[PDB]
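The data block below is structure38.txt; it holds compact mmCIF, C-alpha atoms and all ligand atoms.
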```
# COMPACT_ATOMS: atom_id res chain seq x y z
CA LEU W 1 -5.51 -13.32 41.61
CA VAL W 2 -8.61 -11.41 40.52
CA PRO W 3 -8.08 -8.84 37.71
CA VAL W 4 -8.29 -5.18 38.71
CA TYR W 5 -10.73 -2.97 36.80
CA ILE W 6 -9.92 0.74 37.02
CA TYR W 7 -13.30 2.47 37.15
CA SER W 8 -15.41 5.21 38.71
CA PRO W 9 -18.47 7.12 37.43
CA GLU W 10 -16.48 10.37 37.63
CA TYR W 11 -13.57 8.88 35.68
CA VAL W 12 -15.70 7.56 32.81
CA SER W 13 -17.61 10.85 32.64
CA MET W 14 -14.29 12.70 32.43
CA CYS W 15 -13.04 10.45 29.63
CA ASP W 16 -16.27 10.89 27.66
CA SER W 17 -15.44 14.59 27.33
CA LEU W 18 -12.71 14.04 24.72
CA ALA W 19 -14.14 15.42 21.46
CA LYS W 20 -12.24 12.86 19.37
CA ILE W 21 -14.07 9.98 21.06
CA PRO W 22 -17.33 11.25 22.63
CA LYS W 23 -19.02 8.86 25.08
CA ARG W 24 -16.66 6.02 24.13
CA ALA W 25 -15.63 5.35 27.74
CA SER W 26 -19.29 5.01 28.73
CA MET W 27 -20.04 2.67 25.82
CA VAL W 28 -17.10 0.45 26.76
CA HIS W 29 -17.97 0.28 30.46
CA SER W 30 -21.71 -0.09 29.84
CA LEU W 31 -21.16 -3.10 27.58
CA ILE W 32 -18.77 -4.68 30.08
CA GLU W 33 -21.41 -3.99 32.73
CA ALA W 34 -24.11 -5.45 30.48
CA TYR W 35 -22.11 -8.68 30.45
CA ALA W 36 -21.71 -8.43 34.24
CA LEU W 37 -17.94 -8.83 33.88
CA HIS W 38 -17.30 -6.08 36.44
CA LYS W 39 -18.74 -8.36 39.13
CA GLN W 40 -15.93 -10.79 38.34
CA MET W 41 -13.26 -8.12 38.75
CA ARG W 42 -11.87 -5.97 41.56
CA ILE W 43 -13.10 -2.43 40.92
CA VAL W 44 -10.62 0.25 41.96
CA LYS W 45 -11.38 3.98 41.94
CA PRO W 46 -8.62 5.83 40.05
CA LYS W 47 -6.68 8.57 41.82
CA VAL W 48 -6.10 11.88 40.06
CA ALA W 49 -2.43 12.35 39.14
CA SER W 50 -0.62 15.11 41.01
CA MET W 51 1.68 17.69 39.44
CA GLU W 52 4.65 15.73 40.78
CA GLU W 53 3.40 12.40 39.43
CA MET W 54 2.85 13.79 35.93
CA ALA W 55 6.26 15.45 36.20
CA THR W 56 8.00 12.05 36.32
CA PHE W 57 7.93 12.25 32.52
CA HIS W 58 6.51 15.60 31.41
CA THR W 59 8.43 18.87 31.80
CA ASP W 60 7.18 21.50 34.25
CA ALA W 61 7.06 24.11 31.48
CA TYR W 62 4.71 21.92 29.45
CA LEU W 63 2.58 20.86 32.42
CA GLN W 64 2.16 24.49 33.52
CA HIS W 65 1.25 25.68 30.02
CA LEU W 66 -1.20 22.81 29.64
CA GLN W 67 -2.85 23.79 32.92
CA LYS W 68 -2.83 27.50 32.08
CA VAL W 69 -4.49 26.81 28.73
CA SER W 70 -6.93 24.48 30.49
CA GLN W 71 -7.81 27.01 33.20
CA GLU W 72 -8.43 29.90 30.80
CA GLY W 73 -7.77 29.29 27.11
CA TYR W 74 3.73 22.76 22.89
CA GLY W 75 1.95 20.67 20.27
CA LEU W 76 -1.47 22.16 20.98
CA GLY W 77 -2.95 22.43 17.50
CA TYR W 78 -5.28 20.53 15.18
CA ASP W 79 -4.81 17.05 16.67
CA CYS W 80 -4.62 18.40 20.23
CA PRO W 81 -6.93 21.44 20.64
CA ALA W 82 -6.12 23.81 23.51
CA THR W 83 -9.57 23.36 25.07
CA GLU W 84 -10.65 24.16 28.63
CA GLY W 85 -10.59 21.34 31.18
CA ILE W 86 -7.96 19.46 29.20
CA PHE W 87 -5.55 19.36 32.15
CA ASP W 88 -8.18 17.75 34.37
CA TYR W 89 -8.72 15.22 31.60
CA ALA W 90 -4.97 14.56 31.37
CA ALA W 91 -4.51 14.25 35.13
CA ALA W 92 -7.40 11.77 35.40
CA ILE W 93 -6.12 9.28 32.81
CA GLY W 94 -2.53 9.62 34.01
CA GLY W 95 -3.59 8.94 37.58
CA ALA W 96 -5.73 6.02 36.42
CA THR W 97 -2.83 4.26 34.71
CA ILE W 98 -0.58 4.97 37.70
CA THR W 99 -3.24 3.57 40.04
CA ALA W 100 -3.33 0.40 37.95
CA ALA W 101 0.47 0.20 38.09
CA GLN W 102 0.47 0.66 41.87
CA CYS W 103 -2.05 -2.18 42.09
CA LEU W 104 0.41 -4.42 40.25
CA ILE W 105 3.20 -3.38 42.62
CA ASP W 106 1.16 -4.11 45.75
CA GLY W 107 0.45 -7.61 44.47
CA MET W 108 -3.27 -6.88 44.59
CA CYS W 109 -3.58 -8.48 41.15
CA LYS W 110 -1.69 -10.01 38.23
CA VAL W 111 -3.66 -7.98 35.67
CA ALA W 112 -4.84 -4.37 35.96
CA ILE W 113 -7.07 -2.76 33.33
CA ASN W 114 -7.46 0.85 32.20
CA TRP W 115 -9.37 0.92 28.90
CA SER W 116 -9.39 4.73 28.77
CA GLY W 117 -5.59 4.89 28.80
CA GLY W 118 -2.88 4.00 26.29
CA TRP W 119 -2.30 7.47 24.88
CA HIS W 120 1.13 6.79 23.50
CA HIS W 121 2.04 9.75 21.27
CA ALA W 122 2.71 12.43 23.89
CA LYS W 123 6.31 13.49 24.44
CA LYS W 124 7.84 14.97 27.59
CA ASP W 125 7.14 18.51 26.38
CA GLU W 126 4.73 18.06 23.47
CA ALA W 127 1.15 16.95 22.92
CA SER W 128 0.70 14.80 19.82
CA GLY W 129 -1.93 12.76 17.98
CA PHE W 130 -4.90 13.26 20.33
CA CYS W 131 -2.53 12.69 23.27
CA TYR W 132 -2.00 15.46 25.82
CA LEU W 133 -0.34 13.21 28.37
CA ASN W 134 1.49 9.91 27.95
CA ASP W 135 -0.17 7.71 30.57
CA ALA W 136 1.58 4.61 29.20
CA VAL W 137 5.00 6.08 29.99
CA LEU W 138 3.76 7.15 33.42
CA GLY W 139 2.58 3.59 33.96
CA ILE W 140 5.99 2.19 33.07
CA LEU W 141 7.84 4.72 35.25
CA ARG W 142 5.71 3.70 38.23
CA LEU W 143 6.27 -0.01 37.57
CA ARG W 144 10.03 0.57 37.37
CA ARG W 145 10.01 1.31 41.11
CA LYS W 146 9.58 -2.42 41.74
CA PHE W 147 10.36 -4.31 38.53
CA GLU W 148 13.84 -4.32 37.00
CA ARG W 149 12.72 -4.98 33.42
CA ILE W 150 9.52 -3.81 31.72
CA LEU W 151 8.21 -4.96 28.36
CA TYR W 152 5.92 -2.54 26.53
CA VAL W 153 3.79 -4.02 23.76
CA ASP W 154 1.80 -1.73 21.46
CA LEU W 155 -0.80 -3.33 19.19
CA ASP W 156 -2.45 -0.03 18.23
CA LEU W 157 -2.77 0.75 14.52
CA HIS W 158 -0.30 3.61 15.05
CA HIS W 159 3.36 3.53 16.07
CA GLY W 160 3.87 4.07 19.79
CA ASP W 161 6.51 6.72 19.16
CA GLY W 162 6.03 8.65 22.40
CA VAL W 163 6.62 5.59 24.57
CA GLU W 164 9.54 4.42 22.43
CA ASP W 165 11.36 7.77 22.43
CA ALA W 166 10.80 8.13 26.18
CA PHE W 167 12.79 4.96 26.83
CA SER W 168 14.92 4.90 23.68
CA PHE W 169 18.09 5.53 25.72
CA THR W 170 17.56 2.85 28.38
CA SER W 171 17.86 -0.94 28.36
CA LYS W 172 15.62 -1.64 31.36
CA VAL W 173 12.49 -1.02 29.29
CA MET W 174 11.92 -2.69 25.93
CA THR W 175 9.26 -1.28 23.61
CA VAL W 176 7.62 -3.45 20.96
CA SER W 177 5.23 -1.89 18.44
CA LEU W 178 3.20 -3.51 15.68
CA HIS W 179 1.74 -0.77 13.50
CA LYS W 180 0.84 0.47 10.04
CA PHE W 181 3.90 1.92 8.34
CA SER W 182 3.47 3.81 5.08
CA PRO W 183 4.67 7.21 3.78
CA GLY W 184 2.09 9.81 4.78
CA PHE W 185 0.52 7.71 7.54
CA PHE W 186 0.73 9.06 11.10
CA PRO W 187 3.11 9.39 12.77
CA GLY W 188 5.47 8.32 9.97
CA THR W 189 8.04 6.69 12.25
CA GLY W 190 8.68 3.15 13.46
CA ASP W 191 10.48 1.35 10.65
CA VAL W 192 12.21 -1.95 11.44
CA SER W 193 15.52 -0.06 11.31
CA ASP W 194 14.56 1.96 14.40
CA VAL W 195 16.13 0.06 17.30
CA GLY W 196 16.86 2.77 19.87
CA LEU W 197 19.87 4.88 20.81
CA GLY W 198 22.88 4.72 23.14
CA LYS W 199 22.64 2.08 25.85
CA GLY W 200 19.06 1.60 24.69
CA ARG W 201 20.19 0.43 21.25
CA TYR W 202 18.37 -2.78 20.22
CA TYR W 203 15.87 -2.23 23.04
CA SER W 204 13.28 -0.76 20.69
CA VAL W 205 11.42 -3.19 18.43
CA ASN W 206 9.29 -2.07 15.48
CA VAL W 207 7.17 -4.22 13.16
CA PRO W 208 5.99 -2.28 10.08
CA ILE W 209 2.77 -3.70 8.60
CA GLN W 210 0.66 -2.83 5.53
CA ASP W 211 -3.11 -2.55 5.01
CA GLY W 212 -5.51 -5.48 5.09
CA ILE W 213 -3.78 -7.85 7.51
CA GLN W 214 -6.12 -10.34 9.19
CA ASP W 215 -6.22 -12.42 12.39
CA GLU W 216 -4.12 -15.41 11.33
CA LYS W 217 -1.10 -13.70 9.76
CA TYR W 218 -1.11 -10.99 12.44
CA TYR W 219 -0.99 -13.47 15.31
CA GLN W 220 1.70 -15.66 13.76
CA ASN W 221 3.82 -12.57 13.14
CA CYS W 222 3.11 -11.22 16.63
CA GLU W 223 3.78 -14.52 18.41
CA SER W 224 7.10 -15.11 16.67
CA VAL W 225 8.28 -11.62 17.63
CA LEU W 226 7.10 -11.90 21.24
CA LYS W 227 8.71 -15.34 21.46
CA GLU W 228 12.17 -13.98 20.63
CA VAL W 229 11.62 -10.86 22.74
CA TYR W 230 10.61 -12.86 25.81
CA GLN W 231 13.68 -15.11 25.71
CA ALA W 232 16.07 -12.27 24.87
CA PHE W 233 14.78 -9.61 27.26
CA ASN W 234 13.21 -11.72 30.04
CA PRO W 235 10.67 -9.15 31.30
CA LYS W 236 9.44 -8.98 34.90
CA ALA W 237 6.29 -7.02 34.04
CA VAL W 238 4.32 -6.08 30.93
CA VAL W 239 2.49 -2.98 29.72
CA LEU W 240 0.12 -3.83 26.87
CA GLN W 241 -1.51 -1.19 24.66
CA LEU W 242 -4.50 -2.59 22.76
CA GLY W 243 -5.79 0.24 20.56
CA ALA W 244 -8.84 -0.93 18.62
CA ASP W 245 -8.31 1.14 15.47
CA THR W 246 -6.95 -2.04 13.85
CA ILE W 247 -10.40 -3.63 13.97
CA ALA W 248 -12.47 -4.06 10.79
CA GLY W 249 -15.12 -1.36 10.54
CA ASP W 250 -12.91 1.37 11.95
CA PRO W 251 -13.17 4.58 9.87
CA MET W 252 -9.37 4.48 9.52
CA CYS W 253 -10.01 1.39 7.38
CA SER W 254 -6.42 0.12 7.44
CA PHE W 255 -5.98 -3.29 9.08
CA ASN W 256 -8.70 -5.94 8.86
CA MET W 257 -8.62 -7.51 12.32
CA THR W 258 -11.20 -8.97 14.68
CA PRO W 259 -11.02 -8.99 18.51
CA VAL W 260 -10.38 -12.74 18.27
CA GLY W 261 -7.02 -12.16 16.57
CA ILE W 262 -5.95 -9.54 19.10
CA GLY W 263 -7.26 -11.84 21.83
CA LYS W 264 -4.83 -14.61 20.87
CA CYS W 265 -1.94 -12.15 21.18
CA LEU W 266 -3.29 -11.19 24.60
CA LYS W 267 -3.55 -14.86 25.62
CA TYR W 268 0.06 -15.53 24.63
CA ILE W 269 1.15 -12.61 26.80
CA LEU W 270 -1.12 -13.54 29.71
CA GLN W 271 0.37 -17.04 29.93
CA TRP W 272 3.71 -15.49 30.89
CA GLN W 273 2.14 -15.16 34.35
CA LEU W 274 3.64 -11.70 34.78
CA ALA W 275 2.21 -8.48 36.21
CA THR W 276 0.36 -7.02 33.24
CA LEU W 277 -1.04 -3.52 32.80
CA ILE W 278 -3.79 -3.40 30.17
CA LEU W 279 -4.42 -0.16 28.28
CA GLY W 280 -6.75 0.84 25.46
CA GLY W 281 -5.93 3.52 22.91
CA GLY W 282 -7.23 4.26 19.43
CA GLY W 283 -10.58 3.02 18.18
CA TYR W 284 -12.99 5.21 16.26
CA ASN W 285 -15.82 2.82 15.55
CA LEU W 286 -17.19 3.32 19.05
CA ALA W 287 -19.50 0.30 19.12
CA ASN W 288 -16.83 -1.99 17.65
CA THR W 289 -14.25 -0.67 20.12
CA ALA W 290 -16.59 -1.53 22.98
CA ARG W 291 -17.13 -4.93 21.34
CA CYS W 292 -13.39 -5.51 21.19
CA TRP W 293 -12.43 -4.50 24.73
CA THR W 294 -15.46 -6.27 26.19
CA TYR W 295 -14.34 -9.42 24.39
CA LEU W 296 -10.76 -8.97 25.61
CA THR W 297 -12.04 -8.41 29.15
CA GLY W 298 -13.74 -11.79 28.80
CA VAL W 299 -10.47 -13.28 27.57
CA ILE W 300 -8.64 -11.99 30.65
CA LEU W 301 -11.37 -13.53 32.82
CA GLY W 302 -11.25 -16.79 30.86
CA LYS W 303 -14.95 -16.47 30.09
CA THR W 304 -16.96 -17.16 26.94
CA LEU W 305 -19.38 -14.35 26.11
CA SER W 306 -22.85 -14.64 24.59
CA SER W 307 -22.79 -13.77 20.89
CA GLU W 308 -25.91 -11.61 21.22
CA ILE W 309 -25.45 -8.08 22.55
CA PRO W 310 -27.33 -7.65 25.85
CA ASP W 311 -29.70 -4.71 26.18
CA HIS W 312 -28.17 -1.63 27.80
CA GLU W 313 -27.80 2.15 27.50
CA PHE W 314 -26.25 2.05 24.01
CA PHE W 315 -27.99 -1.03 22.59
CA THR W 316 -29.28 0.86 19.53
CA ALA W 317 -25.73 1.61 18.38
CA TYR W 318 -25.09 -2.07 17.70
CA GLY W 319 -27.19 -2.50 14.58
CA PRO W 320 -27.95 -3.88 12.21
CA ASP W 321 -26.98 -7.33 13.53
CA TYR W 322 -26.57 -6.69 17.28
CA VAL W 323 -23.92 -9.35 17.89
CA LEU W 324 -20.53 -9.37 19.62
CA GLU W 325 -18.49 -10.88 16.80
CA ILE W 326 -16.98 -8.64 14.13
CA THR W 327 -16.80 -9.69 10.48
CA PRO W 328 -13.65 -8.81 8.46
CA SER W 329 -14.13 -6.53 5.44
CA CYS W 330 -13.79 -7.77 1.86
CA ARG W 331 -10.48 -6.18 0.84
CA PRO W 332 -6.96 -7.47 -0.01
CA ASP W 333 -4.07 -8.18 2.34
CA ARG W 334 -1.32 -5.89 1.05
CA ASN W 335 1.40 -7.70 3.02
CA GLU W 336 3.84 -9.74 0.94
CA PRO W 337 4.82 -12.97 2.79
CA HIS W 338 8.52 -12.46 2.05
CA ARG W 339 8.56 -8.96 3.53
CA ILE W 340 7.14 -10.18 6.84
CA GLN W 341 9.89 -12.79 7.09
CA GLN W 342 12.71 -10.30 6.48
CA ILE W 343 11.38 -7.90 9.11
CA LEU W 344 11.36 -10.91 11.44
CA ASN W 345 14.98 -11.67 10.52
CA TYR W 346 16.12 -8.13 11.32
CA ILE W 347 14.43 -8.32 14.72
CA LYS W 348 16.00 -11.70 15.55
CA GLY W 349 19.32 -10.18 14.52
CA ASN W 350 18.90 -7.15 16.77
CA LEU W 351 17.78 -9.33 19.68
CA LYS W 352 21.07 -11.23 19.48
CA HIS W 353 22.64 -8.16 21.05
CA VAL W 354 20.09 -8.49 23.85
CA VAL W 355 22.22 -11.06 25.67
CA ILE W 356 22.75 -8.99 28.81
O1 LIG C 1 -5.14 6.35 17.30
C1 LIG C 1 -4.28 7.19 17.48
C2 LIG C 1 -4.55 8.64 17.14
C3 LIG C 1 -3.45 9.19 16.24
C4 LIG C 1 -3.78 10.62 15.82
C5 LIG C 1 -4.64 10.64 14.57
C6 LIG C 1 -3.75 10.58 13.33
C7 LIG C 1 -3.97 11.80 12.45
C8 LIG C 1 -5.34 11.73 11.82
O2 LIG C 1 -5.73 10.66 11.38
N1 LIG C 1 -6.02 12.88 11.80
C9 LIG C 1 -7.31 13.10 11.27
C10 LIG C 1 -8.02 12.13 10.58
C11 LIG C 1 -9.29 12.40 10.08
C12 LIG C 1 -9.86 13.66 10.26
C13 LIG C 1 -9.15 14.64 10.95
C14 LIG C 1 -7.88 14.36 11.45
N2 LIG C 1 -3.08 6.90 17.96
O3 LIG C 1 -2.76 5.59 18.30
K K C 2 1.27 -0.06 17.63
K K C 3 14.33 1.01 25.18
ZN ZN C 4 -4.06 4.54 16.88
```
Reformat the file's structure so that it appears as structure tokens.
Ligand SMILES: O=C(CCCCCCC(=O)Nc1ccccc1)NO
Ligand SMILES: [K+]
Ligand SMILES: [K+]
Ligand SMILES: [Zn+2]
Amino acid sequence: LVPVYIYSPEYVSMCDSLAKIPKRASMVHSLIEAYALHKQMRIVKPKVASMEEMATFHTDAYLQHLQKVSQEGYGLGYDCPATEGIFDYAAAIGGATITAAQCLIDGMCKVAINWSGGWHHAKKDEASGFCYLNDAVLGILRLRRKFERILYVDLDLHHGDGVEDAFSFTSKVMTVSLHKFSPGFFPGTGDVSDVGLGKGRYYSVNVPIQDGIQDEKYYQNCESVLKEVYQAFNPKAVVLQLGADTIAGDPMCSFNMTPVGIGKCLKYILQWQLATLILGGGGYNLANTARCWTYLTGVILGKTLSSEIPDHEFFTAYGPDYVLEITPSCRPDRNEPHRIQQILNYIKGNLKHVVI
């Protein structure tokens, strides 16, 4: 009944190597360590994913090219540079999410955590949006060995298109994504009209949101969706992506959330008493991202954290106030109340078909 914390010094060091988020994995772990939360969790060393394990979703052609490129020097472009050691990076995170999933299967825990995972843009044969490997999909595929129905919830700023498309043709996995949706904003997909294909029709849920949304309206909207989804789909396990690029102070500067708002969503999911795999994701204000996931780690543990940031390796990065709480920015909420309701109505309508 003690939460599992996927961690090892080698794993964090590996994750720090991603140029898009340098040293972020260390900052997140160090802050969690500084709050001594790791002593209240079961620490499990992540296995490195094998070629066969990564192949459960990704094509052999892609996996081999990724390795070849990684050894010496398919979506490898601006967002996903073909840099050396990138296959080792991909295998590590994939294996970490799988390890967490296997922990859920064994009954070792009710909640397993991998903050360095949640890379949800990767397709079976294509890297996309800083994602070389879709560890979230790999996590769901592993869970499907034991659980008959999986619910995937994506609270990242960006649409979880890679996870959605991976399961868009099946009805055993339902994907739910709350994300910014606006013409020109990555990845451009995930309108409310997108519900899946074939036998997977109505088993993909998308909630388009505009800039400036804050804790209260986000939670109410998220709860009402999850409420209908839970009763309609009746999941046996949950995969939860909690990308922190929605948090105020993120350079993306889109949503205006605090970890408290996201935390309430997490609480509502945690009370389902189901096997839950926790993943990170986006988050480009490194200190704030550590703040968020440290806070959420405390929420999972049912602990109240000291407002003042404890001294640690990255203490200087937490100026100028050096506290745990994050203050929302002073900019408008661009979401019209009537639009939110209609999106909700479409979703309720689609979930009527989920009566099987
Ligand atoms: O958080 C993410 C990462 C998505 C990939 C990034 C979107 C494209 C983008 O914003 N690119 C960019 C921005 C600033 C400077 C250079 C590239 N996914 O959830
Ligand atoms: K999302
Ligand atoms: K689906
Ligand atoms: Zn994102």
Inset, instruction - Residues within 8 Å of ligand ZN 4 (chain C) should be enumerated using all atoms listed in the file and returned as an MDAnalysis selection string. - result: chainID W and resid 156:159 243:246 281:283
Legend entry - d(CA of residue 314 (chain W), CA of residue 28 (chain W)) in Å: 9.7 Å
Inset, instruction - Would you list the residues near (12.3, -13.8, 22.0) (no more than 12 Å away, in the coordinates of the file, using all atoms listed in the file) as a PyMOL selection string? - result: chain W and resi 151+174+176+205+222-235+344-345+347-355
Inset, instruction - Excluding region 68-78 of chain W and residues on its chain fewer than 5 positions from it, collect all residues at most 7 Å away from it, counting all atoms listed in the file, and give them as a PyMOL selection string. - result: chain W and resi 62+83-87+125-128
Quick one: which chain W residues come within 7 Å of ligand K 3 (chain C), and what is the nearest atom pair for each with the distance in Å to one decimal, counting all atoms listed in the file, rows ordered by chain and ascending number, as a Markdown table?
```
| residue | atom | partner | partner_atom | distance |
| --- | --- | --- | --- | --- |
| W:164 | CA | C:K3 | K | 6.5 |
| W:167 | CA | C:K3 | K | 4.5 |
| W:168 | CA | C:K3 | K | 4.2 |
| W:169 | CA | C:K3 | K | 5.9 |
| W:170 | CA | C:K3 | K | 4.9 |
| W:171 | CA | C:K3 | K | 5.1 |
| W:172 | CA | C:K3 | K | 6.8 |
| W:173 | CA | C:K3 | K | 4.9 |
| W:174 | CA | C:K3 | K | 4.5 |
| W:175 | CA | C:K3 | K | 5.8 |
| W:196 | CA | C:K3 | K | 6.1 |
| W:200 | CA | C:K3 | K | 4.8 |
| W:203 | CA | C:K3 | K | 4.2 |
| W:204 | CA | C:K3 | K | 4.9 |
```
Inset, instruction - Just give me the residues with any atom within 12 Å of (-1.9, 9.9, 30.1), file coordinates, counting all atoms listed in the file, written as a PyMOL selection string. - result: chain W and resi 15+48-49+53-58+86-99+114-124+127-128+130-140+162-163+279-281
